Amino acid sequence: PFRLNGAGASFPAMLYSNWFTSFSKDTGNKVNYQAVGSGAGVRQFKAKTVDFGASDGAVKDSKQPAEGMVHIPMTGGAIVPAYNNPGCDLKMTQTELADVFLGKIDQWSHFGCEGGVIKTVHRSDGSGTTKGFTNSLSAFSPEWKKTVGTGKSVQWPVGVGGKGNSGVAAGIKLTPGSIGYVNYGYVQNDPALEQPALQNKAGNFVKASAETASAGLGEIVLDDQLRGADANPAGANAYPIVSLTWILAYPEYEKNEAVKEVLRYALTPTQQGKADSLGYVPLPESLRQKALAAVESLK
């Protein structure tokens, strides 16, 4: 039996943990995973201190290590504005969401709700979830794009930091009348957090679900390294804040037969089909096949 150690993105960590636990029960092999965020994942990948990395932001050619990297898309999902304000059924335009994170709207009464002051929560660590969320706020709001922009880290006008998707979710839960952003499983599978009906590019107010997240993800056009994003997808029923997420593999590596075994396992329809229960969208069949071919390309 082998051991592997991977690190990176917390966005898919619910699903990766499930897969790795299942793989251990079924095979005896152990695959440990550190949800340190995409920032740290890419750093440790580059430093060769892990068997594989993980990021929700694809790595452009100029930032890839000389020895190369293979992106293997594993899943996708909504990034939602999770909030803690019982009794408030929050509905938000794209401008309003951005204006809440700019500090321009700080009263729950703006949305017709009780709760007093709106407190925001954001990531303290370099984050692919931040990248996606801020990519969307930048598309939603010229003011956001100009004054804050998008990246794994940004300068937040207001709010408190939390570490990982888990720390953001915890901060929202701990602070009455707060809002942040997290992978959807933290909302779907927690009765204390809710999500807003959020305006999409088409003008419809939608909540994240299998239907709306898959609709949004389906608009993403990938390059020949399976990289791509869409900050604000078109379509009547698209959820507007969605991201893919990738495992980062070395093209040639002494333990890649073991890496290949676990990725093949994670890419079966049986493992993939767990995605929805944990707040993710399984790869469409054509992308699953592209992922498997990428896995098989490893040496």
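Heads up: residue numbers just count along the shown sequence, starting at 1.
Relative to its counterpart among 81 to 89 and 185 to 193, 81 to 89 has the higher mean temperature factor, C-alpha atoms as listed in the PDB entry. Look at the C-alpha B-factors of 270 to 278 and of 248 to 256. On average they run higher in 248 to 256. In this structure the maximum Cα B-factor among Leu263, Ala35, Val242, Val59 is found at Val59. Sort the chain's modelled residues by C-alpha temperature factor and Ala215 lands in the middle third, per the entry. The deposited CA B-factor of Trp108 belongs to the middle third of values across its chain. When the modelled residues of the chain are ordered by their C-alpha B factor, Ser166 lands in the lowest third. When the modelled residues of the chain are ordered by C-alpha B-factor, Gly8 sits in the lowest third.
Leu102 sits in the middle third of its chain by CA B factor, as recorded in the PDB entry.
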